[PDB]
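Q: Provided hereafter are the protein sequence and its experimental coordinates.
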Amino acid sequence: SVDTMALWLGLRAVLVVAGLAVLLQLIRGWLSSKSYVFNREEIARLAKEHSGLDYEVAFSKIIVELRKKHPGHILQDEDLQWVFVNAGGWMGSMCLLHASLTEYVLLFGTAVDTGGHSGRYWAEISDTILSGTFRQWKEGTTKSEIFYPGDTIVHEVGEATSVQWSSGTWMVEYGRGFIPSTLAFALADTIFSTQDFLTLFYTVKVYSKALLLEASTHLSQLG
Amino acid sequence: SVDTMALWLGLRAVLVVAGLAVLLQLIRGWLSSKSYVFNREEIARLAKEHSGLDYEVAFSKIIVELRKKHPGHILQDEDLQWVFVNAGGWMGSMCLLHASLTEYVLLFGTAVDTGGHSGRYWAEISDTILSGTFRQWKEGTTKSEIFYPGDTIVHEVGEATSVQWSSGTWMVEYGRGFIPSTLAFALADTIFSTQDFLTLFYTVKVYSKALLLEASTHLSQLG
Amino acid sequence: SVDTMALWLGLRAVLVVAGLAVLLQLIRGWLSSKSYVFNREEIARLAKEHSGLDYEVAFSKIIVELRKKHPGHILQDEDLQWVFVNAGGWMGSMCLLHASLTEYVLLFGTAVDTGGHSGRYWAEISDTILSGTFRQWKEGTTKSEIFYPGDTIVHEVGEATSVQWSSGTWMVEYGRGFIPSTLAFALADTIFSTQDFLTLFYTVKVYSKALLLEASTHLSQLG
């Protein structure tokens, strides 16, 4: 039974590889055939439309428009708060409006000069600048590009770049894909640098509120 | 007998929260009751007095004045050394003059442009700029404020901000509260980023020196 | 057996100290008597010679000259790729040309504004600027210095500094000493911040390619 004791070892690894491949293909097929509440072009155009005003007025108008076109998918004013985001070596702030297992919409930006690693996840993230500047340094190149209000950067799936923002840079962010892949990145600098677990609690609270809102909307649609 | 299973846990958690509340009340009352070697106004005025001259001359004059007004509570010239401080995503350097379990005084600053998370501890930290600029971004806002020589930033207890310092920014720092709460923060980037454990040794050394000086001064004053 | 058991601990600790000291002395004596493919002056002069041109033209000419003078010790064009480097709180990009256990040559630089801790390892690292600016802040001082194309920074063994690079700063890097000492540093920010394990894989790939090239060259010299 020495040959069969080794047959288990060989076949168990093949089974693990086949199961992981089947799970990845299943998730990819689900993501390709799923119905989405928002599309990235919608958010990008809505942001470019109000990018000419003050970024706070733009925030207000964009939130109003999002609640009008997609009722039941955006948090109310009593649940909106700015939460610090320390990640990839940079530090900014977010205001989450919607978040599911496959989509999230928020208002991002920083009042200080920061920059770092953009992350590399199984999701596509679009960023439309309302004010400020956004320097992107794509992988495998020696030159970066600066983007201004109105522009939209698309951090593609599986791509990793370097991001840099000047003081007062604010944008509207929409992420689509497998959102939990980002989660770990979003927490790294909080665990091994800032030690700001209170901000971690705030982040957990707002994400939980968005997920519960989406679940309650699904239940209301069913009854 | 099944009801007691969950009754053990349910009231026990309230008792645990009450016990930590009693510990917090004891520590909070001890801080107000405690007599303090320094007050933030004293350090702030002493630093602002010399904020108009060169930052090195200001360092020397402030150290001499502190040794004059509080003998036995400030390290001698043989114990002063600049130690790198990597924390919260920023990098500066410190020279510790005094440190107890509830107070610390030091000269902080950086010769490079840095910035990051300010930390969130159970202590109030006052910073009086001797030279340079200090950008502070408070939590929950979208705009930051720049402070110049003469100004004083008060990192309040439990609040977290974003700090940014330009090249050649130097200040006098006084912290009061529960000092060990900051400790972990002060080491995070050293453990998970810089790997400069020699600087960790230097920091532990100066902290131990200050604590031993404070203990010996207490023993000498008591007898 | 109290007297005997305390005897165990003392001799055990002395044995550990003596063994670690003998290992360190062995490695240092080996490093002092080893033949090296490159010297820092060679790389520094070769980079300063082409420091007047564009950093890409300089890269190509320097690679050509290095492959001409030292054939079989530098990877070919099919193995060269730019890999992101997140370390010490800064983010740049590298292109490795040569790497052994005691030497490494690469082209380093960043297209974004970054800076942080320089690291502290058992190796000397020379950096000859082809373009941009390099701000160095030495340990124990309150002033930094800016260096321009043509200059050479020598990150000495055991010294720790603060580095800062402007957008578009590119240089040629040569490191000599005990290379594994740097290893932890090179991965720290990747494990506890970026979570970009694909870039980790790329780094491992290029390091393995350079090491295998060196091993195959030694075998070819032997036969």
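A: Received the coordinates, thanks. Numbering: from 1, shown residues only, chains lettered A, B, ... in the order given.
Q: how's chain A carved up into domains?
A: Following automatic domain parsing, one finds the domains of chain A at A:1-33, A:40-222.
Q: what's the burial count for residue A:114?
A: 24 (other C-beta atoms under 10 Å in any protein chain shown). Using the backbone N, CA and C atoms, a C-beta is placed for each residue, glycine as well.
Q: For it, which non-adjacent residue is closest in space?
A: Spatially, and ignoring its direct neighbours in sequence, residue A:114 is nearest to residue A:90 (4.0 Å; C-beta to C-beta, 6 or more residues apart in numbering or on different chains).
Q: near chain C, which residues of chain A?
A: Counting by C-beta under 8 Å from any C-beta of the partner chain, the residues of chain A close to chain C are A:87-89, A:113, A:115-117, A:119-120, A:135, A:137, A:139-144, A:158, A:160, A:162, A:164, A:184-185, A:188-189, A:191-193.
Q: that older thread, burial-wise, tell me which of the domains of chain A comes out on top.
A: Across these, the average number of neighbours (mean count of other C-beta atoms under 10 Å in any protein chain shown) peaks for domain A:40-222, which reaches a mean of 19.
Q: Now do the end-to-end distance for that one.
A: Start and end residues of domain A:40-222 are separated by 27 Å (C-alpha to C-alpha, to the nearest Å).
Q: Hmm, residue A:100 and residue A:178 touching each other?
A: No - Residue A:178 is not in contact with residue A:100 according to C-beta atoms under 8 Å; the separation is 11.2 Å.
Q: which SSE is the residue nearest the centre of chain A in?
A: Closest to where the C-alpha atoms of chain A average out (C-alpha atoms, centre = their mean) is residue A:175, at 4.2 Å. Per DSSP states H and E: residue A:175 is located in strand A:169-177.
Q: for that strand, packing partners?
A: helix A:40-49, helix A:55-69, strand A:103-110, strand A:123-131 (3 or more C-beta pairs under 8 Å, 6 or more residues apart in numbering or on different chains; DSSP states H and E).
Q: C-terminal to that strand, what's the next element?
A: Per DSSP H and E, the helix or strand that comes after strand A:169-177 is helix A:180-189.
Q: what's that next one in contact with?
A: Helix A:180-189 is contacted by residues A:85-89, A:91, A:101, A:119, A:121-123, A:175, A:200, A:203, B:89, B:117, C:192-195 when judged by C-beta atoms under 8 Å, 6 or more residues apart in numbering or on different chains.
Q: Of those residues, which belong to strands?
A: Judged by DSSP state E, the subset of these located in strands is A:85-87, A:91, A:123, A:175, B:117.
Q: Quick check: residues of chain A near chain B?
A: So chain A meets chain B at A:55-56, A:81-82, A:84, A:86, A:89-91, A:93, A:109-114, A:167-168, A:170, A:189, A:192-196, A:198-199 (C-beta under 8 Å from any C-beta).
Q: Residue A:85 and residue A:42, how far apart?
A: Note on residue A:85: its distance to residue A:42, by C-beta to C-beta, to the nearest Å, is 23 Å.
Q: Would you tell me which helix is longest in chain A?
A: helix A:2-33 (DSSP state H).
Q: Looks like residue A:175 contacts residue A:103 (just checking).
A: Yes - Residue A:175 lies in contact with residue A:103 (C-beta under 8 Å); the separation is 7.0 Å.
Q: got the CA positions of stretch A:11-22 in PDB?
A: Written as PDB, here are the backbone C-alpha positions of stretch A:11-22 (Å, rounded to 0.1, in the frame of the first residue of the first chain):
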ATOM      1  CA  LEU A  11      -4.500  12.800  -6.300                       C
ATOM      2  CA  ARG A  12      -5.300  15.100  -3.300                       C
ATOM      3  CA  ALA A  13      -3.100  17.900  -4.700                       C
ATOM      4  CA  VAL A  14      -4.700  17.400  -8.200                       C
ATOM      5  CA  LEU A  15      -8.100  17.600  -6.500                       C
ATOM      6  CA  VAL A  16      -7.200  20.800  -4.700                       C
ATOM      7  CA  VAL A  17      -6.000  22.400  -7.900                       C
ATOM      8  CA  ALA A  18      -9.100  21.300  -9.800                       C
ATOM      9  CA  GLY A  19     -11.400  22.500  -7.100                       C
ATOM     10  CA  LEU A  20      -9.700  25.900  -6.800                       C
ATOM     11  CA  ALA A  21      -9.800  26.200 -10.600                       C
ATOM     12  CA  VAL A  22     -13.500  25.300 -10.700                       C
END
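Q: next one: that stretch to chain centre, how far?
A: How far stretch A:11-22 lies from its chain's middle: 30 Å, per C-alpha atoms, centre = their mean, to the nearest Å.
Q: what does stretch A:73-81 give?
A: Per C-alpha atoms, centre = their mean, the displacement of stretch A:73-81 from the mean C-alpha position of its chain is 17 Å.
Q: what does that stretch contact?
A: Contact partners of stretch A:73-81, identified using C-beta under 8 Å, 6+ apart, comprise A:37-38, A:63, A:66-67, A:95-98, A:105, A:202, A:206, A:209-210, A:213-214, A:217, B:140.
Q: which residues touch the residue lying closest to residue A:142 once chain neighbours are set aside?
A: With sequence-adjacent residues excluded and distances taken as C-beta to C-beta, 6+ apart, residue A:142 is closest to residue C:111, at 6.0 Å. Applying C-beta under 8 Å, 6+ apart, we find residue C:111 in contact with A:137, A:141-144, A:162, C:93, C:167-168.
Q: let's see 6 Å
A: A:137, A:143-144, C:167-168 (C-beta atoms under 6 Å, 6 or more residues apart in numbering or on different chains).
Q: Can I get those residues in TSV including secondary structure and distance to residue C:11?
A: Conversion of those to TSV gives the following (DSSP: H, G, I helix; E, B strand; the rest coil; distance: C-beta to C-beta, whole Å):
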residue	secondary structure	distance to residue C:11
A:137	strand	56
A:143	coil	61
A:144	coil	59
C:167	coil	58
C:168	coil	59
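Q: What's the separation between residue A:205 and residue C:106?
A: Distance from residue A:205 to residue C:106, by C-beta to C-beta: 45 Å.
Q: and what of residue A:149?
A: In this structure, residue A:149 and residue C:106 are 38 Å apart, going by C-beta to C-beta.
Q: what about stretch A:43-55, how long is it end to end?
A: Counting by C-alpha to C-alpha, the terminal residues of stretch A:43-55 are separated by 15 Å.
Q: Name the surrounding residues that touch stretch A:54-67.
A: A:46, A:50, A:74, A:107, A:130-131, A:170.
Q: Select, from the residues you listed, the two members most distant in space.
A: Farthest-apart pair in those is A:74 and A:131; separation 21.6 Å (C-beta to C-beta).
Q: just the contacts of residue C:111 now: which is nearest chain B?
A: Using C-beta to the nearest C-beta, residue C:167 comes nearest to chain B of the contacts of residue C:111, at 12.8 Å.
Q: Hmm, residue C:115 and that closest one touching each other?
A: No - Residue C:167 lies out of contact with residue C:115 (C-beta atoms under 6 Å); the separation is 11.7 Å.
Q: residues contacting residue A:197?
A: Taking C-beta under 6 Å, 6+ apart as the definition, residue A:197 has no contacts.
Q: Residue A:146: what's it in contact with?
A: If you count contacts by C-beta under 6 Å, 6+ apart, then residue A:146 has A:133, A:135 around it.
Q: What is the subsequent helix or strand relative to the helix or strand hosting it?
A: Element membership of residue A:146, judged by DSSP H and E, is strand A:145-147. Sequence order places strand A:152-155 as the next helix or strand after strand A:145-147, per DSSP H and E.
Q: picking up where we left off before, distance to residue C:10 for the domains of chain A - can I get that in a markdown table?
A: Formatted as a markdown table, those follow (distance: least, C-beta to C-beta, whole Å):
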| stretch | distance to residue C:10 |
| --- | --- |
| domain A:1-33 | 47 |
| domain A:40-222 | 37 |
